[PDB]
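Colleague: The structure is given below, and queries will be raised subsequently.
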Amino acid sequence: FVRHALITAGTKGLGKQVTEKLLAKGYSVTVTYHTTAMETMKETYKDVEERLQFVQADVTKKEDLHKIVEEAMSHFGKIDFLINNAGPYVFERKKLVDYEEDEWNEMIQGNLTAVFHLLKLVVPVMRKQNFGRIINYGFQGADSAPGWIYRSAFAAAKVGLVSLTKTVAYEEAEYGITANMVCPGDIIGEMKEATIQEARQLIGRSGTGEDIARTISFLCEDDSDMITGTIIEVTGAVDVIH
Amino acid sequence: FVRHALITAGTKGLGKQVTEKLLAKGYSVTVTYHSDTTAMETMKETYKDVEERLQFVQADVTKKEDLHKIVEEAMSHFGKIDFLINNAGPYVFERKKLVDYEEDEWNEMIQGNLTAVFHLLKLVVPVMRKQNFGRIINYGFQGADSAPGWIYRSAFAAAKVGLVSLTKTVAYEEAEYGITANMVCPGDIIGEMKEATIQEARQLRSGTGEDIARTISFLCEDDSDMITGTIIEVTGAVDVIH
Amino acid sequence: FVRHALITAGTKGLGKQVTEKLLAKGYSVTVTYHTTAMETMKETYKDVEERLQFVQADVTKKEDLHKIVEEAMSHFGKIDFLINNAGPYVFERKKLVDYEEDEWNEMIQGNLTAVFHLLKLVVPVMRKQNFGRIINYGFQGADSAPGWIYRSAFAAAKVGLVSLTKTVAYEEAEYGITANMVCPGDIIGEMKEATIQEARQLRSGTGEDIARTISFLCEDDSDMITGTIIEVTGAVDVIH
Amino acid sequence: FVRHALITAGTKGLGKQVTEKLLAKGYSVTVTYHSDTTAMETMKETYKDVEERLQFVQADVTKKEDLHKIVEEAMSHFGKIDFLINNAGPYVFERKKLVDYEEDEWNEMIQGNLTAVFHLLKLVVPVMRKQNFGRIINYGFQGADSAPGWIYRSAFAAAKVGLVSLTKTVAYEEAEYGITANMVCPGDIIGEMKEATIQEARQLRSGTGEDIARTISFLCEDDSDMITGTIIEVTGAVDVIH
């Protein structure tokens, strides 16, 4: 009766701090990656190895998603928390009309359809448990369905994800399952993998992966069962999409 | 020197009234039809007198190849695309939770309502830039602008809510070129009312295709160039999604 | 049986173009002001005096609001369109906590409570008519209930007004009354009173852009359009 | 060096649970009460052993003079105001259309839900600035974030939706000073369940004051400083406003 989390892309960026947060809480974790970074994580947590499982996976591929669920279930028997931390991002700034079909598809499959696929696998398990926490990621300002100049596909996929988070919240509330979204603001470079303490050492201090990690950790608690369908902005009042 | 429109699925339902409106305003139209040859046949004969202004093209608008064909055929006969009216869009009539969706169902919704638009924009927007004139019309649903959940409609809500954001993004990206992009949200106009006129509703008030069509033709007007990125609801204050 | 519009602050700014629009459409109009702009307008439409009436009013004063309704009804016997074009605005950029109590109250009273007062008078008239068009103004992005740095009070009252336009659309639908909001972007200076043609020769949004949206919402066959917010910003961010 | 909270209407309903939570978290609290004196005497009995961290002040929150009184009383005893929990909220229980509103009913809704907050912020924000620390908590209703209409609740909806905006504005203007401002939206929590613990509700699930209380609790934390301008729904995926 130790709760189990499944987190996509949890060895780098924001997802690394999320993983470290849940382990620190006593949770067991399945972490996906898409390899030297994973190996250093595995080594850092040598002494708690039974509570940490690594699986290689491309979240745009249905089969790989089926396999991370199968491997989590095989070793742990349960999935209590699904953190859809993985979010393929086209860093290039260009207009929708200039998008390659490969880029469009990567955004949609990577950010919206990957979540559908996962849910299709994980919701039934959560129903059997009468417990589930789904955490999706948005971007700042997401709940207002905004356009994002030069981020067409990403924004479209994530805004669509907003709708989906909400629908899943209403459809699965019956079964002890909550679905929420966290929106990180502009957390840049080294600060993605950094702690609050570190940012505070140097508007104000930079936002960090820990800021996200502590918000996700709060939504995953047993007594957060009434918080569902909500979008938590963790941006420190710093505008991104404008 | 007269304005040409491209309307997907323009011989049935809402599209029928939209096509009838634009023809009545003096516009030329390329209309697409999937399967129903009978529909396009009775619109053929109705408009024999204005044969020169009207053109039927068979197309499955979920197929990239067919999307290229309609654009190539409109450009062939009329040399321009002034208005793009994305009237087509698959709809799953069965009410079912997302966790019950077959992969094929999910993909039809995304591909038909979101990705197909991207594919059309990709073809038609370059032509509009050249023209220094464009009117893009997309369809949503009541309340879409707030990115809501919609129980039993997860895939459709998600795809149209992503389309809300896409519509606004395209509006920001293409404003320099004299191109507007807007969304019309029909209410739950059921059945024969979709191709009825307002006068026909007043004799029987219900919403109709005309209510939608006259909104679209207001937006396609030349002096409507400052209206862009807006989601106009034509519902009559009547909740659909709760 | 010619339709009648009541427009607040319709002698200058955006309101001016809206008045001129409805007049051109063949309508009759009661315009408020809170003076030489009224006289120049009064001079321009000497020919059609019968269709244009001017009433002085402070929109933040409930007594004046009752007076405009009375005067319109005495003269015309009906109110078909209500266009709440007036909207005091604090042009200074100060943080919320720097507001004087009088500044706060002007924004709330001027932008939210004024509309309630007017609706309270005009709605019964519209129900009896089985017809009404209520038009409110917001600002760009208002539909998302956004904050607005240095425009706290204005934004709060205008965002509240969004809620109000929607509630009134639902509550009054059964009487042939629609309520809709128009949100203009940054129309600055002369462009507020400008025509679309003029702008094309100098494009900045104009008062006529707002006017033609309002005119379309006011048509007999726009009965199905209600509780909507229509942005006429031309894809220019204002509030960020 | 214990953090001080000021909470309007904190001896009854949701307010009571929030008050009990903050006490359990080690904080001192100034709680305001309007009419009922028996309720505040009973709470004052319950917490005899922590009298020093609990101050009661009589106040009508719709009166500017009483607002100065509570801030003044708080500063006198504690020398600081760390959290402002605007729990009070006048509510017209009678379900009527806007046109049937008395000039006086409208005015109480605005004055009590919106202007009252402004007056308090006018008094408390400058204290927070000097401390370089602040947590502002306002209340909304389910779905307030999308500025909806609410039939038969027009004045309350309008005042609460205006408050949404005010909250975000305060958040952007005051981030420099380490002040955050957030909204919590309770769903329909009924009667006794307002003063109930989550624990009580399980042994009966219904939402409680404790569900709201623990959210505020989380938002007041020192490490919650990157969460600002966010509207958190603690509904339970139960729609009320339709």
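Because the Cβ atoms are built from the backbone with ideal geometry, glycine has one as well, and the counts that use them run over all protein chains shown. Read the figures in this text as sums done on the coordinates, not as results from a lab.
Colleague: Where residues in region B:57-78 are touching a helix residue (DSSP H, G or I) at 6+ places or on another chain (Cβ under 6 Å) and in a loop (DSSP other than H, G, I, E, B), which of them is surrounded by the fewest Cβ atoms within 10 Å (Cβ to Cβ)?
Modeller: B:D60
Colleague: So which residues in region B:4-24 are buried (at least 24 other Cβ atoms within 10 Å of the Cβ), touching a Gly at 6+ places or on another chain (Cβ under 7 Å) and part of a helix (DSSP H, G or I)?
Modeller: B:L14, B:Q17, B:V18, B:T19
Colleague: Just one of B:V50, B:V92 is in contact with a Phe, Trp or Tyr (Cβ under 8 Å, 6 or more places away or on another chain) and on the phi < 0 side of the Ramachandran plot; which is it?
Modeller: Matching residue, one of B:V50, B:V92: B:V92.
Colleague: Looking at A:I196, A:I203, A:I177, which one is more than 16 Å from the chain's Cα centre (by Cα) and within 14 Å of chain B (Cβ to nearest Cβ)?
Modeller: Sole residue among the options that is more than 16 Å from the chain's Cα centre (by Cα) and within 14 Å of chain B (Cβ to nearest Cβ): A:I177.
Colleague: How many residues are within 23 Å of B:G79 (Cβ to Cβ) and of a type in the set (G, A, S) when one looks only at region B:16-59?
Modeller: 4
Colleague: Given the condition at the interface with chain D (Cβ under 7 Å from one of its Cβ atoms), surrounded by 24 or more Cβ atoms within 10 Å (Cβ to Cβ), closer than 18 Å to C:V182 by Cβ and under 18 Å from the mean Cα position of the chain (by Cα), answer yes or no: does some residue in region C:140-154 qualify?
Modeller: Yes, because at least one residue in region C:140-154 is at the interface with chain D (Cβ under 7 Å from one of its Cβ atoms), surrounded by 24 or more Cβ atoms within 10 Å (Cβ to Cβ), closer than 18 Å to C:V182 by Cβ and under 18 Å from the mean Cα position of the chain (by Cα).
A quick yes/no check of all residues on (1) in contact with a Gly (Cβ under 6 Å, 6 or more places away or on another chain); (2) of a type in the set (S, T, Y); (3) under 16 Å from A:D58 (Cβ atoms); (4) assigned to a helix (DSSP H, G or I):
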{"position": "A:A5", "(1), (2), (3), (4)": "no, no, no, no"}
{"position": "A:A9", "(1), (2), (3), (4)": "yes, no, yes, no"}
{"position": "A:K16", "(1), (2), (3), (4)": "no, no, no, yes"}
{"position": "A:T19", "(1), (2), (3), (4)": "yes, yes, no, yes"}
{"position": "A:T32", "(1), (2), (3), (4)": "no, yes, yes, no"}
{"position": "A:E43", "(1), (2), (3), (4)": "no, no, no, yes"}
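Colleague: Picking from C:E231, C:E208, which residue would you name as being crowded, with 21+ Cβ neighbours inside 10 Å, touching a strand residue (DSSP E or B) at 6+ places or on another chain (Cβ under 9 Å) and facing chain B (nearest Cβ under 9 Å)?
Modeller: Being crowded, with 21+ Cβ neighbours inside 10 Å, touching a strand residue (DSSP E or B) at 6+ places or on another chain (Cβ under 9 Å) and facing chain B (nearest Cβ under 9 Å) holds for just one of C:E231, C:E208, which is C:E231.
Colleague: Among what's in region D:25-46 and is over 26 Å from D:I190 (Cβ atoms) and touching a strand residue (DSSP E or B) at 6+ places or on another chain (Cβ under 9 Å), pick the residue that is surrounded by the most Cβ atoms within 10 Å (Cβ to Cβ).
Modeller: D:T30
Residue-wise test of (1) within 27 Å of C:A179 (Cβ to Cβ); (2) touching a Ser or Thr at 6+ places or on another chain (Cβ under 6 Å).
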site: D:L123; (1), (2): no, no
site: D:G140; (1), (2): yes, no
site: D:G143; (1), (2): yes, no
site: D:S146; (1), (2): yes, yes
site: D:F156; (1), (2): yes, no
site: D:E173; (1), (2): no, no
site: D:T180; (1), (2): no, yes
site: D:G191; (1), (2): no, no
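Colleague: For region C:71-88, indicate whether the set of residues that are more than 16 Å from C:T8 (Cβ to Cβ), surrounded by fewer than 24 Cβ atoms within 10 Å (Cβ to Cβ) and within 9 Å of chain D (Cβ to nearest Cβ) is non-empty.
Modeller: No.
Colleague: Given the residues C:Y89, C:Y45, which is the only one that is under 14 Å from the mean Cα position of the chain (by Cα) and more than 24 Å from D:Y101 (Cβ to Cβ)?
Modeller: From the options C:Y89, C:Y45, the qualifying one is C:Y89.
Colleague: Checking C:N130 against (1) more than 10 Å from chain D (Cβ to nearest Cβ); (2) under 17 Å from D:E103 (Cβ atoms); (3) among the polar types (S, T, N, Q), only one condition comes out false. Which one?
Modeller: The single condition C:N130 does not satisfy is (2).
Colleague: Within region D:91-116, count every residue that is out of contact with any helix residue (DSSP H, G or I) (no Cβ under 6 Å at 6 or more places or on another chain), part of a helix (DSSP H, G or I) and within 11 Å of chain C (Cβ to nearest Cβ).
Modeller: 6
Colleague: Those residues that are part of a helix (DSSP H, G or I), touching a helix residue (DSSP H, G or I) at 6+ places or on another chain (Cβ under 7 Å) and surrounded by fewer than 17 Cβ atoms within 10 Å (Cβ to Cβ), I need them from region C:56-70; list them, please.
Modeller: Selection gives C:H66 alone.
Colleague: Got at least one residue in region A:99-109 being at the interface with chain B (Cβ under 10 Å from one of its Cβ atoms), more than 20 Å from B:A159 (Cβ to Cβ) and part of a helix (DSSP H, G or I)?
Modeller: no
Colleague: OK, next. Looking only at region C:89-98, which residues are more than 12 Å from chain D (Cβ to nearest Cβ) and of a type outside the set (D, E, K, R)?
Modeller: C:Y89, C:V90, C:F91
Colleague: Still on this model: State all residues of region B:117-135 that are more than 8 Å from chain A (Cβ to nearest Cβ) and aromatic (F, W, Y); if no residue qualifies, say none.
Modeller: If the condition is that a residue be more than 8 Å from chain A (Cβ to nearest Cβ) and aromatic (F, W, Y), then B:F133 is the only one that fits.
Colleague: So, of the residues in region B:62-80 that are hydrophobic (A, V, I, L, M, F, W, C) and within 14 Å of chain A (Cβ to nearest Cβ), which turns out to be farthest from B:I110 (Cα to Cα)?
Modeller: B:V71
Colleague: Kindly indicate whether any position in region B:188-202 is at the interface with another protein chain (Cβ under 9 Å from one of its Cβ atoms) and of a type outside the set (A, V, I, L, M, F, W, C).
Modeller: No; the residues of region B:188-202 include none that is at the interface with another protein chain (Cβ under 9 Å from one of its Cβ atoms) and of a type outside the set (A, V, I, L, M, F, W, C).
Colleague: Then there's this: Taking region D:187-213 on its own, how many of its residues are more than 24 Å from D:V127 (Cβ to Cβ) and buried (at least 23 other Cβ atoms within 10 Å of the Cβ)?
Modeller: Residues meeting the conditions: 7.
Colleague: For the list (1) over 20 Å from D:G15 (Cα atoms); (2) at the interface with chain C (Cβ under 9 Å from one of its Cβ atoms), I need the number of the one condition that D:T167 fails.
Modeller: (1)
Colleague: Right, here's the next one. Kindly check whether there is at least one residue in region D:173-187 that is at the interface with chain C (Cβ under 7 Å from one of its Cβ atoms) and either under 20 Å from D:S217 (Cβ atoms) or not basic (K, R) (or both).
Modeller: So far as region D:173-187 goes, yes, one or more of its residues are at the interface with chain C (Cβ under 7 Å from one of its Cβ atoms) and either under 20 Å from D:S217 (Cβ atoms) or not basic (K, R) (or both).
Colleague: Turning to a different aspect of this structure: Just to verify a result, which residue in region B:147-160, among those that are over 15 Å from the mean Cα position of the chain (by Cα) and facing chain A (nearest Cβ under 7 Å), is surrounded by the fewest Cβ atoms within 10 Å (Cβ to Cβ)?
Modeller: B:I151
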